[PDB]
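J.: Okay, handing you the structure first.
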Amino acid sequence: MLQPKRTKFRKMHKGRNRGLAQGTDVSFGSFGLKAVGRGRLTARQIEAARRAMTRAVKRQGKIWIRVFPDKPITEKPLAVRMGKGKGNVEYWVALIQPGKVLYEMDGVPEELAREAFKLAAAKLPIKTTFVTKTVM
Amino acid sequence: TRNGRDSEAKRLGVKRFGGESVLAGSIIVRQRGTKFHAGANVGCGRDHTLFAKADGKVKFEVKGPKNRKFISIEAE
Amino acid sequence: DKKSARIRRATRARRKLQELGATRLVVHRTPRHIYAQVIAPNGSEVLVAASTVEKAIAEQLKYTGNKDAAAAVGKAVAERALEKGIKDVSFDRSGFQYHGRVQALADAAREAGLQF
Amino acid sequence: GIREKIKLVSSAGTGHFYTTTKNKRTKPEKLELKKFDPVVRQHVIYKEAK
Amino acid sequence: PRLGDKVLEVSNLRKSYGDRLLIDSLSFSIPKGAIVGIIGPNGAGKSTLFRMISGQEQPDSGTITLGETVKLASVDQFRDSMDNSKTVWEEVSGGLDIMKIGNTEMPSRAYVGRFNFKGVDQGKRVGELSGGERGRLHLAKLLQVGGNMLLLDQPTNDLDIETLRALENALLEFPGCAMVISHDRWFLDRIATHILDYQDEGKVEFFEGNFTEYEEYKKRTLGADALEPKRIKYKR
Amino acid sequence: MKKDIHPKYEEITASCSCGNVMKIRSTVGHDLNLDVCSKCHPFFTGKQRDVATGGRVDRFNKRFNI
Amino acid sequence: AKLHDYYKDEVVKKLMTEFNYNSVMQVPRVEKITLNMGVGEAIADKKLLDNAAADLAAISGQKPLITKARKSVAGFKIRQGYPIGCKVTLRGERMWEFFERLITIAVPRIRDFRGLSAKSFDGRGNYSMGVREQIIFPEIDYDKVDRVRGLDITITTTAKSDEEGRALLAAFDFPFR
RNA sequence: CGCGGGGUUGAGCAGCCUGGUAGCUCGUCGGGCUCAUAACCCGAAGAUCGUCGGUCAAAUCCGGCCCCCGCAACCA
RNA sequence: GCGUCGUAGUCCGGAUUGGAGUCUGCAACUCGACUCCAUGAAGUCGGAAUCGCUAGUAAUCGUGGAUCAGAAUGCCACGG
RNA sequence: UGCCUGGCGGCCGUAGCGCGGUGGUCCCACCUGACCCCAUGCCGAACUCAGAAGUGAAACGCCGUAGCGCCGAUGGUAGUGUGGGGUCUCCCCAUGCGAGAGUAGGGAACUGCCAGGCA
RNA sequence: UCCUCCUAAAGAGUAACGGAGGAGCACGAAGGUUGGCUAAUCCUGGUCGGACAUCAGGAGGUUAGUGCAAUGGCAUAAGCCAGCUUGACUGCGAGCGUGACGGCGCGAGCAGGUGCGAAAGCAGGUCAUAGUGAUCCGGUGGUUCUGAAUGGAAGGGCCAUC
Ligand SMILES: [Mg+2]
Ligand SMILES: [Mg+2]
Ligand SMILES: [Mg+2]
Ligand SMILES: [Mg+2]
Ligand SMILES: [Mg+2]
Ligand SMILES: [Mg+2]
Ligand SMILES: [Mg+2]
Ligand SMILES: [Mg+2]
Ligand SMILES: [Mg+2]
Ligand SMILES: [Mg+2]
Ligand SMILES: [Mg+2]
Ligand SMILES: [Mg+2]
Ligand code: NA
Ligand code: NA
C-alpha cells in the first residue's frame, strides 16, 4: 500500500512539521497538483486519490506520485491505560509542507487534466491548487 | 517492555580551551578516539587523553596533510 | 615503487625525531653516490653537508658508491660538524636498511667525534 | 570463567610471590618468567606454584 | 579394499638374532576372512613376526608372499609413539577438519567421536590421558588407514571389561583378516579362529580352530605333564 | 638461493632416437632415454595428419565397381 | 643456458626490424615463470599436497611454496589457513633453462599433440597453459606417483600489447596454430 | 494477547539436552508361502526436522513470521 | 601325451558397441544368419522359498531330423 | 645572477587525476654480475653488495591544453538572540546576527636551507 | 548492577513501565620492542575447477580488518607477517578530570634493576570505553612491631593473598 519495505527502525518520534517544501516545481510532466496547506497524508489517501485521477483519464498519460509516506504512525489499543510502552505501528504518513507537488501528469489536454486533479483534490485533507510547468 | 537501560555519562569533551594558561600535567581533552592528535608539548594517555607536558598556552591547530586537528602548547 | 614505498617506511622515525626536537643526520644512498647532511630542529635550514658528488672528496676514491666511499663521506661529515659547534646528533635511517654502506657511513662518524 | 588464580612463587628462597590467572586446561605446562624480587632487589626467575 | 584368495602365505621362514633362533622352518597360509590368535611365552618372537610381515625386518630363510589385494595396517606394541604436547583431536586427525577413513572422508570430529571421545573430552592433551584412554586414542589414530589385514599387537593393553567387550564384539564383524597377538586367552576364546602356538627350540605350530578344539586336539593326542610350579622365592 | 633445501641441479644429458644429445640442466642424476623429440616434433605433423574426417561419397563410389 | 643467448642475439635484432622501436630496450622481455598446482583435494589428507610438492620439486629445481586459502568460502568447504595449492617461481638464467627444456622435451611428449592456442593472451602479452599430466616431464617413472594430476604454466612478459607479445613467443619457435 | 507449550517420514512418537552420528512401531511398494485372501517370511523406498533469517559446526542457539494447544481476566 | 598360465575380475567371462564383410532372397532400415578386426560390461556360487532324479538312471559331451529360400539356446531322437 | 637536478622542509587538490609533447654532459632509474656479510615461510621480484657498455622504453621531472576532481562570490532564501502581535499543533512586525545549495566566475600551484651540471 | 547509541535543545549534566543493542570474559601470547608488509570487490587468461578455492596482470582505493554490542578512532597504521623476549617490574609521584561521600580515572618525572634496538628511543599489559561486590568474620605465606611478674609461647598488629 505504497509503503516502505525493510526499513531500518520500526518506530519513530512524533517530530514537528514546520518549514516549507523543496519539490515545488513541475519536473516530469506538464501539469501538477501543489499543496497550499500544511498537514499530512496517509497511505490510504494517496491510493484513494490516485484511483480517482486514473478513472478520469482512464487510458492516457503517465502519472507521477512525487510523495511517499515512509513514516510510521502508531496507536495504542482501545481501553488501555497510559504508559506501558509505545504503541504499535498502524499506518504510514507523508508530512506535507506548503508548496510540495503531490501528483503530476503528462500527455493530457488541459481541460481534462484540470478536472482530473479536482476529483482527486476532494479526497485529500489539505487545500490543493493547480500548477503548470514553467521553463524558468 | 524489553528495553529501558542505559549507561552512566562518561563526561568527555574539551576541558581547557584556547588561550588558557595551564600547569604541567593538566588534562586538556578527555577523548574516545583521537579526534585531537598530540602536538608538541602535549602527551597522549592510554585512554587517549591529551595532557599538558609544560605550562603555557593551549593552541589548537589544523596542521597536516589530512587536515587533522592538533593541540600544542605555546611556551610562555 | 622504490621511493614511494621507502618514504612511507621512514615517516614514523622521521616524525618521532621531529617531536623530540633533535638535530638529525640524514643519509641518502644511491647506486652511484651517497649523501649525508645535518639539519636543524627547524627542519628547514641545514648546517653541514657532505656528498660523493662533491669533487674533492670523490677525487681520492676509485669508484664512488661502495663501502669505502661512504666511510670517507661518513668521516667527512663528522669533520665539518665538530667545527660548527655540533657534537650531539641522532642518526636517521631514512628508509634504507642499516646493514651496508650506511652502517659504514655512520660508524666512521661515530668514531670521528659524534656522540650517538 | 575457566581461568583460575595461580601464584608465581619466587626462586631466591624468600617469601615473595606474584599472582595471576592461568588456563589450567589448555596450558598444562607450568609457567616460569623473570620478575623483580623487591626483597633481594634483583631480577630472578619466578616459578609456578599453587 | 576387497581381498582375494592370497592372504600372505609364508614359506620356510627362519629367524635368528646372532645365534638365538626364534623361529625355524615355518610354513603356513592364512585363509580368507579369518582371525588368528598368537600365543606363547615372553620374548618368543611374536612381535618379530609382525615386524617381518610389515616389512621392517627380513627373513633369514624362506619368503613371506603377500597377496596383491592385501592392505596392511599393523598396530605397534607400544603406546610410546604419540607426542604428549598435542591435543587428542589434533593428534588423531592431523589438524584437518575433514580427514578420510578408507575411501569415504567423513568429518574428523565425528570420526573421533565414534571412539567415545566427546567434544569436551576432545581438548585434553594426549600426555594428560589415562592408560585406557591412551590405548583407545592410539588405536583410533592407527586404525584410520582403512586396511584389511589388521595386525593387532595386544590391543587389550589397559582395557576395562566393557571397553574390551566393545572391541571384542566389533572384531567378530570384520570383513578383512585379523591377526591378533595377546596373552589373555579369555579374550581370544571368543574371537580366535586360527591358533599360532609357540613352543621351545623355536618351534611354531599352526592350528585351525578355537581353543576348545585345540584342547580337543591335545586330549586326542595327549601327554601326561603337569608339574609347572616350583616357587623359587627371593631371600635365603 | 637458500641452499640445502632443494633437490640437486645438474647438466645431465639424455639421448633420443634421432640423436638429440643435449646437456639439459635437470634434476635426475641418472638419465632416462627418450622417444621422439624436437627434431621429430609433431608440430608440423600432428595437425597435418589430423585432417582425415569428412568425405564419404568417394568411399561409396568405389563400391560402384560394377 | 641456451635460449638466453638466443634471445640476446637473434630475437632482439629481428624484432627491431619487425616492430621498429626507436630504442633497443623497448623490445618486450619475458621475465618470470610461475608454476602452480592447485590441489584442493588435500583438504581430506595432507600427504597429497606433499606428493604434489615433491612433483613440482622434481619438475623445477626448487622447493615449492604452498599457498593457503585467501578467503573462507563455504561453497568449496574451505577456509583461510588451509594449504590448498603449491607454487614455484623461476627468474633469470635458471628460468631460461626450464623454459628451454619445456619446448625441447615436454611439448612434443603431449598426448595427441597438435599445437598451442594463440588466442590465450590476457591482452597484455602474458601466456598460460595447463598440461593435465605431469608425465610429459621425463622425471616420473610410475613408481612414486599416485595420480596423474597436472600443472599450470604462466609466462609473464613486459609486452604492453598482445600483438607485441605475439612475436615474443613466436620468435622462439613455439607450436602455435 | 497478557503469559506459557508445540510444529520431525504417509499416521503416532523419539532424538532439541547443550552441536559434529535421521531413528522407532504401523503403514506404501516388490517378491515368497496359499485354491484365493488375511496373517506370517524376505527385500526396498521416502523427511527443505513449520518458516524468514542470522554459530568451524544445529533438528538442537537466538530473534522474527505462520498456525495450533492451554492458562488468567481479582477487589469494588 | 607333451607345454604355458600360478589365483588375478586373470590368458576367466563374451554382453554391448564401431568398422570390414559372405550368403539366401524381388528385396536383410524398422527385422536374418554366419565370418574377421577392435571393444571386453554385469558376474568371485547367489534372501525368503523352491525343482528333478533309485542304474546305464542323475551329471556332462558331441551328432542327427522334422518345420524350412534363409532363419534353434526350443522340440523330437542317437550314441560316449 | 640565469636556467636544470638531488636531498630536507613550509602549507595540504586554485596544489590532485586525465590527455599531448619532451630529458640524459652532470644528476637520476631501469640495467651488468653476484661465490662475498646480507636476503627469499620458492624466486637477486624485494632487501644487499661489486660496477659500468646501452638505455631515456616504463617511472621521475618539466612545460601545454579546461574531460574531471577542486575553489567560489553579490543578491535572495531558510534559521535564530531580544521586544511586541496574531485566525496561535503555525506564523507576522522592530532590531541584531545570517547560512546550506545553486549562478557568474577562478582554476595546470606558490615558497626557504643547502649541495651539484652548465652558460 | 555495568557498557554503546538516540531522546539531550552545537561545553558538561539531564526523566518516563521512552526507541534500539550488549556484559558477569579471553590472552603467557592476542603483551614489549626491532625489522618487514598493506585490504573488500570486479574483469581478462589458465589442468581437473564451476557463480565462488590456487596462479598471472589490470581497474580499484579501505566498500577490508580489529578476540567478543555500538559509538569514536586507526596508513607513522591501533590491521597483517617473523626474531629475540617478560616493563602483564618494585617504591614514589609534580599536576589534573569526575563524584554528596565511599571511591574511580589520566599522569610527565625521580630511584633500583630489566628487555628490545647500531643508536635516538620505547616498554609500569591488550585501539579506548563493560567483563563486577564495601565492612565484619575466618584461612595461608613473610615480619621477634607487640608479648599482662621475667624469659618463651598463644593471640594480636603490618605486608602479600584467598
Ligand atoms: Mg564387479
Ligand atoms: Mg578367484
Ligand atoms: Mg534337414
Ligand atoms: Mg532351415
Ligand atoms: Mg546544551
Ligand atoms: Mg551535550
Ligand atoms: Mg592486540
Ligand atoms: Mg613497526
Ligand atoms: Mg601491537
Ligand atoms: Mg577491545
Ligand atoms: Mg610474659
Ligand atoms: Mg601474625
Ligand atoms: Na613383543
Ligand atoms: Na593409569
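Letters A, B, ... go to the chains of the C-alpha cells in the order shown; residues in each chain start at 1; ligands are counted from 1 in the same order.
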Once you count only C-alpha atoms (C1' of nucleotides) and all ligand atoms, which residues end up within 10 Å of ligand 7, and could you hand them over as a PyMOL selection string?
T.: chain K and resi 27+29-31+66-67+78-79+126-127
J.: Once you have the residues from the selection above, write them out as a PDB file, in the first residue's frame, restricted to N, CA and C atoms (P, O5', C5', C4', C3', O3' and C1' of nucleotides).
T.:
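Listing of out_11.pdb after writing:
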ATOM      1  P     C K  27      41.954 -18.204  27.403  1.00  0.00           P
ATOM      2  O5'   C K  27      43.063 -17.170  26.920  1.00  0.00           O
ATOM      3  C5'   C K  27      43.351 -17.021  25.539  1.00  0.00           C
ATOM      4  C4'   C K  27      44.441 -16.010  25.288  1.00  0.00           C
ATOM      5  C3'   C K  27      45.721 -16.191  26.074  1.00  0.00           C
ATOM      6  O3'   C K  27      46.535 -17.229  25.571  1.00  0.00           O
ATOM      7  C1'   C K  27      45.120 -13.914  26.061  1.00  0.00           C
ATOM      8  P     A K  29      53.203 -18.946  25.085  1.00  0.00           P
ATOM      9  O5'   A K  29      52.083 -18.631  24.002  1.00  0.00           O
ATOM     10  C5'   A K  29      52.253 -17.579  23.062  1.00  0.00           C
ATOM     11  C4'   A K  29      50.979 -16.798  22.882  1.00  0.00           C
ATOM     12  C3'   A K  29      51.015 -15.726  21.792  1.00  0.00           C
ATOM     13  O3'   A K  29      49.734 -15.637  21.165  1.00  0.00           O
ATOM     14  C1'   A K  29      50.523 -14.727  23.872  1.00  0.00           C
ATOM     15  P     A K  30      49.550 -14.846  19.776  1.00  0.00           P
ATOM     16  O5'   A K  30      49.340 -13.337  20.232  1.00  0.00           O
ATOM     17  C5'   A K  30      49.008 -12.317  19.297  1.00  0.00           C
ATOM     18  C4'   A K  30      48.010 -11.340  19.872  1.00  0.00           C
ATOM     19  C3'   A K  30      48.245 -10.944  21.330  1.00  0.00           C
ATOM     20  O3'   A K  30      47.774  -9.614  21.540  1.00  0.00           O
ATOM     21  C1'   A K  30      46.141 -11.980  21.130  1.00  0.00           C
ATOM     22  P     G K  31      48.701  -8.344  21.215  1.00  0.00           P
ATOM     23  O5'   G K  31      49.481  -8.080  22.571  1.00  0.00           O
ATOM     24  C5'   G K  31      48.837  -7.457  23.668  1.00  0.00           C
ATOM     25  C4'   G K  31      49.792  -7.243  24.812  1.00  0.00           C
ATOM     26  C3'   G K  31      51.074  -6.505  24.474  1.00  0.00           C
ATOM     27  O3'   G K  31      50.891  -5.103  24.460  1.00  0.00           O
ATOM     28  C1'   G K  31      51.551  -8.392  25.824  1.00  0.00           C
ATOM     29  P     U K  66      37.767  -8.939  12.110  1.00  0.00           P
ATOM     30  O5'   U K  66      38.594  -8.194  13.242  1.00  0.00           O
ATOM     31  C5'   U K  66      39.907  -8.627  13.560  1.00  0.00           C
ATOM     32  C4'   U K  66      40.675  -7.590  14.337  1.00  0.00           C
ATOM     33  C3'   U K  66      40.293  -7.473  15.808  1.00  0.00           C
ATOM     34  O3'   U K  66      41.469  -7.362  16.607  1.00  0.00           O
ATOM     35  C1'   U K  66      40.076  -5.362  14.748  1.00  0.00           C
ATOM     36  P     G K  67      41.468  -7.915  18.117  1.00  0.00           P
ATOM     37  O5'   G K  67      41.718  -9.494  18.013  1.00  0.00           O
ATOM     38  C5'   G K  67      40.939 -10.341  17.173  1.00  0.00           C
ATOM     39  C4'   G K  67      39.910 -11.147  17.933  1.00  0.00           C
ATOM     40  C3'   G K  67      38.588 -10.462  18.243  1.00  0.00           C
ATOM     41  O3'   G K  67      37.697 -10.504  17.145  1.00  0.00           O
ATOM     42  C1'   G K  67      39.369 -11.628  20.155  1.00  0.00           C
ATOM     43  P     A K  78      50.572   0.494  15.315  1.00  0.00           P
ATOM     44  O5'   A K  78      49.282  -0.376  15.638  1.00  0.00           O
ATOM     45  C5'   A K  78      48.868  -0.614  16.978  1.00  0.00           C
ATOM     46  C4'   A K  78      47.382  -0.857  17.056  1.00  0.00           C
ATOM     47  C3'   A K  78      46.712  -1.158  15.720  1.00  0.00           C
ATOM     48  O3'   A K  78      45.639  -2.077  15.911  1.00  0.00           O
ATOM     49  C1'   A K  78      45.816   0.840  16.633  1.00  0.00           C
ATOM     50  P     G K  79      45.911  -3.657  15.793  1.00  0.00           P
ATOM     51  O5'   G K  79      45.509  -4.016  14.297  1.00  0.00           O
ATOM     52  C5'   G K  79      44.206  -4.478  13.976  1.00  0.00           C
ATOM     53  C4'   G K  79      44.104  -4.852  12.520  1.00  0.00           C
ATOM     54  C3'   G K  79      45.030  -5.967  12.063  1.00  0.00           C
ATOM     55  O3'   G K  79      44.518  -7.260  12.326  1.00  0.00           O
ATOM     56  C1'   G K  79      45.239  -4.146  10.592  1.00  0.00           C
ATOM     57  P     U K 126      47.199  -1.377  27.798  1.00  0.00           P
ATOM     58  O5'   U K 126      46.927  -2.519  26.725  1.00  0.00           O
ATOM     59  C5'   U K 126      47.779  -2.671  25.597  1.00  0.00           C
ATOM     60  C4'   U K 126      47.455  -3.914  24.808  1.00  0.00           C
ATOM     61  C3'   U K 126      46.232  -3.820  23.902  1.00  0.00           C
ATOM     62  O3'   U K 126      46.466  -4.570  22.712  1.00  0.00           O
ATOM     63  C1'   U K 126      45.937  -5.578  25.444  1.00  0.00           C
ATOM     64  P     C K 127      46.433  -3.846  21.280  1.00  0.00           P
ATOM     65  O5'   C K 127      45.138  -2.927  21.349  1.00  0.00           O
ATOM     66  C5'   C K 127      44.670  -2.239  20.203  1.00  0.00           C
ATOM     67  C4'   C K 127      44.412  -0.786  20.501  1.00  0.00           C
ATOM     68  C3'   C K 127      43.412  -0.498  21.605  1.00  0.00           C
ATOM     69  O3'   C K 127      43.971  -0.599  22.901  1.00  0.00           O
ATOM     70  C1'   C K 127      42.911   0.837  19.735  1.00  0.00           C
TER      71        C K 127
END
J.: Write out as a PyMOL selection string the residues lying within 9 Å of segment 24-29 of chain G, counting only C-alpha atoms (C1' of nucleotides) and excluding same-chain residues fewer than 5 positions away.
T.: (chain G and resi 7+12-13+15-16+19+156-160+164-165+168) or (chain J and resi 54-55+57-58)
J.: Check every protein, DNA and RNA residue against ligand 6, keep those with an atom at most 9 Å away (counting only C-alpha atoms (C1' of nucleotides) and all ligand atoms), and present them as a VMD selection string.
T.: chain K and resid 8 10 to 13
J.: Between atom CA of residue 50 of chain B and atom CA of residue 33 of chain B, what distance in Å does the model show, to one decimal?
T.: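 Calculated distance between atom CA of residue 50 of chain B and atom CA of residue 33 of chain B is 11.2 Å.
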J.: If you run DSSP on the backbone, which residues of segment 27-125 of chain G are strand (DSSP E), as a ChimeraX atom specification?
T.: /G:30-38,65-68,83-91
J.: If you measure from atom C1' of residue 60 of chain K to atom CA of residue 67 of chain G, what distance in Å do you get, rounded to one decimal?
T.: 24.1 Å
J.: Residues up to 8 Å from ligand 14, counting only C-alpha atoms (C1' of nucleotides) and all ligand atoms: could you list those as an NGL selection string?
T.: :E and (130-132)
J.: Please list as JSON, numbers by chain every residue within 9 Å of residue 76 of chain C, counting only C-alpha atoms (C1' of nucleotides) and excluding residues in the same chain fewer than 5 positions away.
T.: {"C": [50, 51, 57, 71, 81, 108, 109, 112]}
J.: Collect all residues with atoms no farther than 8 Å from ligand 2, counting only C-alpha atoms (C1' of nucleotides) and all ligand atoms, and output them as number ranges by chain.
T.: E: 4-5; I: 7-8, 44
J.: Residues up to 10 Å from ligand 8, counting only C-alpha atoms (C1' of nucleotides) and all ligand atoms: could you list those as a ChimeraX atom specification?
T.: /C:9,12 /K:33-36,76-77
J.: If we count only C-alpha atoms (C1' of nucleotides), what is near segment 14-19 of chain B at a cut-off of 7 Å, once residues fewer than 3 positions away on the same chain are taken out, given as an MDAnalysis selection string?
T.: chainID B and resid 27:30 57:60
J.: Restricted to N, CA and C atoms, what would the selected residues look like written as a tab-separated table (two decimals), in the first residue's frame?
T.:
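Resulting contents of again36.tsv:
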chain	number	residue	atom	x	y	z
B	27	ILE	N	44.88	18.03	32.35
B	27	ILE	CA	44.20	17.39	31.24
B	27	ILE	C	43.59	18.45	30.34
B	28	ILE	N	43.79	18.31	29.04
B	28	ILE	CA	43.26	19.24	28.06
B	28	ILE	C	41.96	18.74	27.45
B	29	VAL	N	41.91	17.47	27.06
B	29	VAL	CA	40.72	16.89	26.46
B	29	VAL	C	40.60	15.43	26.89
B	30	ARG	N	39.38	15.02	27.23
B	30	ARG	CA	39.07	13.62	27.50
B	30	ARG	C	38.39	13.05	26.27
B	57	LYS	N	50.29	28.08	27.09
B	57	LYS	CA	49.00	28.39	26.49
B	57	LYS	C	48.57	27.27	25.55
B	58	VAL	N	47.29	26.98	25.56
B	58	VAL	CA	46.72	25.95	24.70
B	58	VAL	C	46.46	26.55	23.33
B	59	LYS	N	46.86	25.83	22.28
B	59	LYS	CA	46.71	26.31	20.91
B	59	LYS	C	46.23	25.18	20.03
B	60	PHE	N	45.04	25.31	19.47
B	60	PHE	CA	44.51	24.34	18.53
B	60	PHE	C	44.94	24.71	17.11
J.: When you get a sec, could you note down which chain K residues fall within 8 Å of chain A, using only C-alpha atoms (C1' of nucleotides), as a list in words?
T.: residues 17, 18 and 19 of chain K
J.: Any chance you could export the current selection's C-alpha atoms (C1' of nucleotides) as a PDB file, in the first residue's frame?
T.:
ATOM      1  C1'   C K  17       6.705   0.769  32.521  1.00  0.00           C
ATOM      2  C1'   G K  18      10.627   6.202  26.118  1.00  0.00           C
ATOM      3  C1'   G K  19      13.379   3.883  20.990  1.00  0.00           C
TER       4        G K  19
END
J.: Enumerate as a ChimeraX atom specification all residues of chain G assigned to helix (DSSP H, G or I) by DSSP on the backbone, naming them with the chain letters and numbers the document uses.
T.: /G:3-19,24-26,41-43,47-59,92-105,134-136,162-172
J.: What are the nearest atom pairs, with distances in Å to one decimal, for all residues of chain K that come at most 8 Å from ligand 11, using only C-alpha atoms (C1' of nucleotides) and all ligand atoms, set out by chain and rising residue number as CSV?
T.:
residue,atom,partner,partner_atom_place_in_ligand_line,distance
K:147,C1',ligand 11,1 (Mg),6.1
K:148,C1',ligand 11,1 (Mg),6.9
K:149,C1',ligand 11,1 (Mg),7.8
K:150,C1',ligand 11,1 (Mg),7.0
K:151,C1',ligand 11,1 (Mg),7.9
K:152,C1',ligand 11,1 (Mg),7.9
J.: Put those residues in a file: N, CA, C and O atoms (P, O5', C5', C4', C3', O3' and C1' of nucleotides), as a PDB file, in the first residue's frame.
T.:
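See out_24.pdb below for the written result:
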ATOM      1  P     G K 147      55.951  -5.873  74.688  1.00  0.00           P
ATOM      2  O5'   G K 147      55.111  -7.217  74.830  1.00  0.00           O
ATOM      3  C5'   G K 147      53.782  -7.210  75.341  1.00  0.00           C
ATOM      4  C4'   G K 147      53.169  -8.588  75.291  1.00  0.00           C
ATOM      5  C3'   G K 147      53.784  -9.604  76.250  1.00  0.00           C
ATOM      6  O3'   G K 147      52.786 -10.528  76.677  1.00  0.00           O
ATOM      7  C1'   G K 147      54.064 -10.349  74.030  1.00  0.00           C
ATOM      8  P     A K 148      52.654 -10.920  78.228  1.00  0.00           P
ATOM      9  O5'   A K 148      52.193  -9.567  78.924  1.00  0.00           O
ATOM     10  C5'   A K 148      52.884  -9.054  80.057  1.00  0.00           C
ATOM     11  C4'   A K 148      51.968  -8.883  81.246  1.00  0.00           C
ATOM     12  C3'   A K 148      51.333 -10.166  81.768  1.00  0.00           C
ATOM     13  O3'   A K 148      51.097 -10.022  83.165  1.00  0.00           O
ATOM     14  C1'   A K 148      49.641  -8.706  81.040  1.00  0.00           C
ATOM     15  P     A K 149      51.745 -11.048  84.210  1.00  0.00           P
ATOM     16  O5'   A K 149      53.226 -10.511  84.411  1.00  0.00           O
ATOM     17  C5'   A K 149      53.475  -9.269  85.048  1.00  0.00           C
ATOM     18  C4'   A K 149      54.782  -9.304  85.794  1.00  0.00           C
ATOM     19  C3'   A K 149      55.965  -9.818  84.993  1.00  0.00           C
ATOM     20  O3'   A K 149      56.588  -8.786  84.253  1.00  0.00           O
ATOM     21  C1'   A K 149      55.861 -10.943  87.074  1.00  0.00           C
ATOM     22  P     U K 150      56.677  -8.866  82.656  1.00  0.00           P
ATOM     23  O5'   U K 150      58.112  -9.495  82.388  1.00  0.00           O
ATOM     24  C5'   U K 150      59.259  -8.987  83.049  1.00  0.00           C
ATOM     25  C4'   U K 150      60.371 -10.003  83.077  1.00  0.00           C
ATOM     26  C3'   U K 150      60.533 -10.842  81.823  1.00  0.00           C
ATOM     27  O3'   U K 150      61.222 -10.165  80.790  1.00  0.00           O
ATOM     28  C1'   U K 150      60.626 -12.239  83.719  1.00  0.00           C
ATOM     29  P     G K 151      60.766 -10.359  79.266  1.00  0.00           P
ATOM     30  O5'   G K 151      61.534 -11.672  78.802  1.00  0.00           O
ATOM     31  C5'   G K 151      62.922 -11.831  79.045  1.00  0.00           C
ATOM     32  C4'   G K 151      63.341 -13.270  78.890  1.00  0.00           C
ATOM     33  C3'   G K 151      62.820 -13.979  77.653  1.00  0.00           C
ATOM     34  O3'   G K 151      63.563 -13.682  76.484  1.00  0.00           O
ATOM     35  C1'   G K 151      62.449 -15.341  79.531  1.00  0.00           C
ATOM     36  P     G K 152      62.819 -13.596  75.063  1.00  0.00           P
ATOM     37  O5'   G K 152      62.317 -15.084  74.818  1.00  0.00           O
ATOM     38  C5'   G K 152      61.162 -15.353  74.040  1.00  0.00           C
ATOM     39  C4'   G K 152      60.751 -16.797  74.174  1.00  0.00           C
ATOM     40  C3'   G K 152      59.521 -17.226  73.395  1.00  0.00           C
ATOM     41  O3'   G K 152      59.790 -17.488  72.032  1.00  0.00           O
ATOM     42  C1'   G K 152      59.354 -18.019  75.599  1.00  0.00           C
TER      43        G K 152
END
J.: Write as a PyMOL selection string the residues around ligand 13, taking 7 Å as the cut-off and counting only C-alpha atoms (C1' of nucleotides) and all ligand atoms.
T.: chain E and resi 43+46-47+77
J.: Could you list, as a PyMOL selection string, all protein and nucleic acid residues with an atom at most 10 Å from ligand 1, counting only C-alpha atoms (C1' of nucleotides) and all ligand atoms?
T.: chain I and resi 9+41-44
J.: Could you write out the selected residues, including C-alpha atoms (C1' of nucleotides), as a PDB file, in the first residue's frame?
T.:
ATOM      1  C1'   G I   9      37.999 -59.521 -12.399  1.00  0.00           C
ATOM      2  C1'   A I  41      30.303 -54.903 -19.178  1.00  0.00           C
ATOM      3  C1'   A I  42      27.492 -57.384 -15.139  1.00  0.00           C
ATOM      4  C1'   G I  43      29.373 -61.789 -12.727  1.00  0.00           C
ATOM      5  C1'   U I  44      34.061 -64.347  -7.473  1.00  0.00           C
TER       6        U I  44
END
J.: Residues at most 12 Å from residue 46 of chain J, counting only C-alpha atoms (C1' of nucleotides), excluding those fewer than 5 positions away in the same chain, as a list in words?
T.: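 Close residues of residue 46 of chain J: residues 1, 2, 5 and 6 of chain C; 39 and 40 of chain J; 36 and 37 of chain K.
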J.: Quick one: everything within 9 Å of residue 4 of chain G, counting only C-alpha atoms (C1' of nucleotides), minus sequence neighbours fewer than 3 positions away in the same chain. Send it as a VMD selection string.
T.: chain G and resid 1 7 to 9 93 96 to 97 100
J.: Write out as a VMD selection string the residues lying within 12 Å of residue 97 of chain C, counting only C-alpha atoms (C1' of nucleotides) and excluding same-chain residues fewer than 2 positions away.
T.: (chain C and resid 6 9 to 10 27 to 29 92 to 95 99 to 104) or (chain J and resid 38 to 39 47 to 48) or (chain K and resid 35 to 36 118)
